[PDB]
Colleague: 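Before I ask anything, here is the structure I am working with.
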Amino acid sequence: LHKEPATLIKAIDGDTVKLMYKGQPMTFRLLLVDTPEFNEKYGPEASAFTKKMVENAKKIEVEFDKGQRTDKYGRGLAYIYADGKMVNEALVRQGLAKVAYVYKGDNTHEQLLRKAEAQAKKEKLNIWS
Ligand SMILES: Cc1cn([C@H]2C[C@H](OP(=O)(O)O)[C@@H](COP(=O)(O)O)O2)c(=O)[nH]c1=O
Ligand SMILES: [Ca+2]
């Protein structure tokens, strides 16, 4: 896998963000995670978290996996990095997202994320409290 550049357009919620990628606006959905919707428990906290992380970054990167790059809604599917830190992993580590939507071929960082979830659970963080 390799990192490519992108720039923030707008924070949307815990696991979606609008970025400019190869000069075009698109909504990215984060691979391998599920945050609660804004209207659910911890939804506002997950939104705040992603928002701070992407709005504070000097450098946003996108990393596609080996399979599907867009979903059926035309959302990009990627791992997203903020100054070299993976948003997907960080949400899970804090108990603000669950590992989810694991499909064959788009799962390079599965084990990394499950390891983070185990540690958030152990600490009873947020969703796990
Ligand atoms: C994360 C991810 C979601 N999706 C689709 C499956 C779900 O279909 P349905 O809309 O039919 O439930 C939807 C969940 O995204 P959200 O959690 O953003 O709603 O997005 C993929 O197809 N591939 C993926 O890698
Ligand atoms: Ca969601």
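If you read the sequence from its start, that first residue is 1, and numbering goes on from there. These values consider heavy atoms only, across backbone and side chains, with no hydrogens, waters or symmetry-generated copies.
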Colleague: For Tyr79 and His109, take the angle between the two ring planes, folded into 0 to 90°, and tell me which bin it lands in: parallel under 30, tilted 30 to 60, perpendicular over 60.
Modeller: perpendicular
Colleague: Pick from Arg69, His2, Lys3: which one makes a side-chain contact (heavy atoms from CB on, under 4.5 Å) with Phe64?
Modeller: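 Answer to the side-chain contact (heavy atoms from CB on, under 4.5 Å) test with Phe64 among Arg69, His2, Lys3: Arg69.
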Colleague: Heavy atoms, side chains only, cut-off 4.5 Å: are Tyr101 and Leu32 in contact?
Modeller: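 With C-beta onward as the side chain, the pair stays apart.
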Colleague: Restricting to pairs with a member in residues 49-58, which pass salt bridge (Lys or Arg N to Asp or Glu O under 4.0 Å), not counting sequence neighbours?
Modeller: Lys51-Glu55
Colleague: Can you check whether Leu96's main-chain N or O pairs, donor with acceptor, with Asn126's side chain at less than 3.5 Å?
Modeller: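 The answer is no, because no donor-acceptor pair under 3.5 Å joins these two groups.
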Colleague: Among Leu91, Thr16, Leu77, find the one that has a side-chain contact (heavy atoms from CB on, under 4.5 Å) with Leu30.
Modeller: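 Testing each of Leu91, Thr16, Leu77 against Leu30, the sole residue satisfying side-chain contact (heavy atoms from CB on, under 4.5 Å) is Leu91.
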Colleague: Please round to the nearest 0.5 Å and tell me the distance separating atom CZ of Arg75 and atom OG1 of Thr27.
Modeller: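 Nearest 0.5 Å value for the CZ-OG1 distance: 8.5 Å.
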Colleague: Quick check against the 3.5 Å criterion: does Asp71 have a side-chain atom that pairs as donor or acceptor with the backbone of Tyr73?
Modeller: yes
Colleague: Report whether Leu1 and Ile60 are members of the same hydrophobic cluster (ILVMFWY, side-chain heavy atoms less than 4.5 Å apart, transitive linking).
Modeller: yes
Colleague: Between OG1 of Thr7 and NZ of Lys59, what distance do you get to the nearest 0.5 Å?
Modeller: 14.0 Å
Colleague: Donor-acceptor check, side chain of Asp15 to backbone of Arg29, threshold 3.5 angstrom: yes or no?
Modeller: no
Colleague: So do the side chains of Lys98 and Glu117 get within less than 4.5 Å of each other, counting heavy atoms only?
Modeller: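 Sidechains of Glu117 and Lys98: in contact.
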Colleague: What are the two closest heavy atoms between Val62 and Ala6, and how far apart are they?
Modeller: CG1-CB, 4.1 Å
Colleague: Give me the atom names and distance for the closest heavy-atom approach of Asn88 to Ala78.
Modeller: ND2-O, 3.3 Å
Colleague: Please check this pair: side chain of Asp34 against backbone of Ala100, looking for a donor-acceptor N/O pair closer than 3.5 Å.
Modeller: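 No, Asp34 side chain to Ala100 backbone: no donor-acceptor pair under 3.5 Å.
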Colleague: Taking the side chain as everything from C-beta on, heavy atoms only, tell me whether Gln94 gets closer than 4.5 Å to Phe49.
Modeller: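 Yes - at least one pair of side-chain heavy atoms lies under 4.5 Å apart.
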Colleague: Work out which heavy atom in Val54 is nearest to a heavy atom in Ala11; give both atom names and the distance.
Modeller: CG2-CB, 4.5 Å
Colleague: Say whether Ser47 and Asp13, considering side chains only, have a donor N or O and an acceptor N or O under 3.5 Å apart.
Modeller: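 The criterion, which ignores hydrogens and geometry beyond distance, is not satisfied for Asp13 and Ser47.
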Colleague: Atom CZ of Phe38 and atom CD1 of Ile12: how far apart are they, to the nearest 0.5 Å?
Modeller: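 That separation rounds to 14.0 Å.
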Colleague: Would a 4.5 Å heavy-atom cut-off, applied to side chains only, mark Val87 and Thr50 as touching?
Modeller: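 Side-chain contact under 4.5 Å: yes.
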Colleague: Give the intermediate values and the outcome of side-chain contact (heavy atoms from CB on, under 4.5 Å) for residues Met53 and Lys85.
Modeller: CA-CA 9 Å; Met53 202 167 168; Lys85 294 199 33 186; 3.8 Å; yes
Colleague: Please examine the side chains of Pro5 and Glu61, heavy atoms only from C-beta on, and report whether any two atoms are closer than 4.5 Å.
Modeller: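 Heavy-atom side-chain distance check fails, nothing below 4.5 Å.
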Colleague: Between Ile80 and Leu19, is there a side-chain heavy-atom distance shorter than 4.5 Å?
Modeller: yes
Colleague: Please say yes or no: joined through hydrophobic side-chain contacts below 4.5 Å, possibly via intermediate residues, are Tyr42 and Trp128 part of one cluster?
Modeller: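 Same hydrophobic cluster.
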Colleague: Quick check for you: to the nearest 0.5 Å, what is the distance between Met26 atom CE and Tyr21 atom OH?
Modeller: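 So the gap between those two atoms works out to 7.5 Å.
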Colleague: With no hydrogens and no angle check, is any side-chain donor or acceptor of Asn107 less than 3.5 Å from a backbone partner on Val102?
Modeller: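 Side chain of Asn107 to backbone of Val102, a donor-acceptor pair under 3.5 Å: no, none is there.
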Colleague: How close do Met86 and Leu112 get, counting heavy atoms only, and between which atoms?
Modeller: CE-CD2, 3.6 Å
Colleague: Report yes if the side chains of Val92 and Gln119 come closer than 4.5 Å at any heavy-atom pair, otherwise no.
Modeller: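 The answer is no; the side chains never approach within 4.5 Å.
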Colleague: Give every residue pair that meets the salt bridge (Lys or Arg N to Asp or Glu O under 4.0 Å) criterion with at least one member in residues 120-129, sequence neighbours excluded.
Modeller: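 For residues 120-129, and leaving out neighbouring residues, the salt bridge (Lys or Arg N to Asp or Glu O under 4.0 Å) pairs sorted by first residue read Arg93-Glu123.
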